[PDB]
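To start, the structure under review is shown below, and the notes come after it.
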Amino acid sequence: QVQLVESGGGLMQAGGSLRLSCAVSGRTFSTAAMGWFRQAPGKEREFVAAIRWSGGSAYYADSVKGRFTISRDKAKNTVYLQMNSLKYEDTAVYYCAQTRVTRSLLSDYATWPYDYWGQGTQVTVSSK
Amino acid sequence: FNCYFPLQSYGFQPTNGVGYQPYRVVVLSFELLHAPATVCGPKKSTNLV
Amino acid sequence: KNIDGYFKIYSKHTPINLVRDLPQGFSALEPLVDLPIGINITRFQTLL
Numbered sequence: 001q002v003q004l005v006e007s008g009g010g011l012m013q014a015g016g017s018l019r020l021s022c023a024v025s026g027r028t029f030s031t032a033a034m035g036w037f038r039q040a041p042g043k044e045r046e047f048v049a050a051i052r053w054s055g056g057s058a059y060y061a062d063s064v065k066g067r068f069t070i071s072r073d074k075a076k077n078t079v080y081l082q083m084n085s086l087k088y089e090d091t092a093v094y095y096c097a098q099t100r101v102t103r104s105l106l107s108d109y110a111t112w113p114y115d116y117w118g119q120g121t122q123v124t125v126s127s128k
Numbered sequence: 486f487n488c489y490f491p492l493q494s495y496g497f498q499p500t501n502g503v504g505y506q507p508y509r510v511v512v513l514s515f516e517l518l519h520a521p522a523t524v525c526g527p528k529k530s531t532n533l534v
Numbered sequence: 195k196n197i198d199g200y201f202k203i204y205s206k207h208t209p210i211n212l213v214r215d216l217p218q219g220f221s222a223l224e225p226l227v228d229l230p231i232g233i234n235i236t237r238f239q240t241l242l
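Protein chains in written order, with the entry's author numbering: chain Z, 1 to 128; chain C, 486 to 534; chain B, 195 to 242.
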């Protein structure tokens, strides 16, 4: 059992920056990898970024690559999403997620069902 | 790319095929060294003639 | 020597009267202790 709490969402102008946090509580020794997903109103959920808990290696979807940085603090039990150069497409509800599952291929974490989800935090990108 | 984690989890669900179900394995290796044999069977000893 | 991971010690003590080098002669070393350490050893040091 773990519970996930997102924070740091809100309004920002296109070309600007935002920092999402997600705090893990419960059986945290069981975290293998963490992910961020997003879902705009009326379109399906979409993988954003994943991080392996040990080694801190990151996988990103093509739409965010070079704009977004996933990172973790093992000590503080928290995953971060540094969103820079915000765009139209970024507007959505963002969910963090945890899996207890070790996958060899980091890319697996794009498609692999996660174990627990946050309630979500809203991001909204203003029109110039 | 071309940089993978060397380990991978087993998918152990109760509904898995017997082939994919978990099996506990203990391997016993017997061996003789430059010492008297200290692991013996229950075989009872007898008087010497 | 370390064989199959198990440390084997062989030792012999002989009375000598020499201050220079190893004496020239023959003496066999009797095994003292076989330890099943399972420890890989590639380096050693002396303690005096």
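In this text, a Cβ means the ideal position worked out from N, Cα and C, and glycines have one as well.
- For secondary structure counted as the beta strand (DSSP E) over 3 or more consecutive residues, the region 3-39 of chain Z holds these complete runs in sequence order: 10-13, 18-26, 33-39.
- Comparing C-alpha distances from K202(B) to each of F238(B), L242(B), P230(B) shows the shortest one belongs to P230(B).
- With its beta carbon at least 8 Å from every one in chain C, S126(Z) lies outside the interface.
- Within chain Z, the residues whose beta carbon sits less than 8 Å from that of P491(C) are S104, listed in sequence order.
- Taking a Cβ-Cβ cut-off of 7 Å, the neighbours of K202(B) in chain C comprise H519, given in sequence order.
- Within its own chain, the residues whose Cβ lies closer than 8 Å to the Cβ of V5(Z), once the five positions on either side in sequence are excluded, are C22, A23, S25, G118, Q119, listed in chain order.
- Annotation for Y489(C): no beta strand (DSSP E) segment contains it, and DSSP assigns it neither H nor E.
- Chain-ordered, the chain C residues with CB closer than 9 Å to the CB of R52(Z) read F490.
- Only residues of its own chain outside the window of five on either side were considered, and among them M12, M83 have a CB closer than 6 Å to the CB of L18(Z), listed in chain order.
- Bridge pairing for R103(Z): absent [DSSP].
- Your pair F490(C) and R52(Z) checks out as a contact, with CB atoms roughly 7 Å apart and the cut at 8 Å.
- The alpha-carbon of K76(Z) is positioned some 44 Å away from that of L513(C).
- Judged by DSSP in its simplified three-state form, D198(B) adopts coil rather than helix or strand.
- For the C-beta of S530(C), not a single chain Z residue is nearer than 7 Å; the gap to the nearest is close to 51 Å.
- With a contact defined as Cβ atoms closer than 8 Å, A97(Z) and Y114(Z) qualify at about 4 Å.
- Counting along the chain, the unbroken beta strand (DSSP E) around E46(Z) starts and ends at 46-52.
- By alpha-carbon distance to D108(Z), the top candidate from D90(Z), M34(Z), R27(Z) is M34(Z).
- In the three-state reduction of the DSSP assignment, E89(Z) falls in the helix class.
- Under the three-pair Cβ rule at 8 Å, the region 34-48 of chain Z does not count as touching the region 499-517 of chain C.
- The beta-carbon separation of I70(Z) and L86(Z), rounded to 16 Å, does not stay under the 8 Å limit for a contact.
- Under the 10 Å beta carbon count, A222(B) is surrounded by fewer than 16 other beta carbons and is classified as exposed.
- Counting of Cβ neighbours within 10 angstroms places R72(Z) among the buried residues, the total reaching 16 or more.
- Straight-line spacing of the CA atoms in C488(C) and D90(Z) works out to 29 Å.
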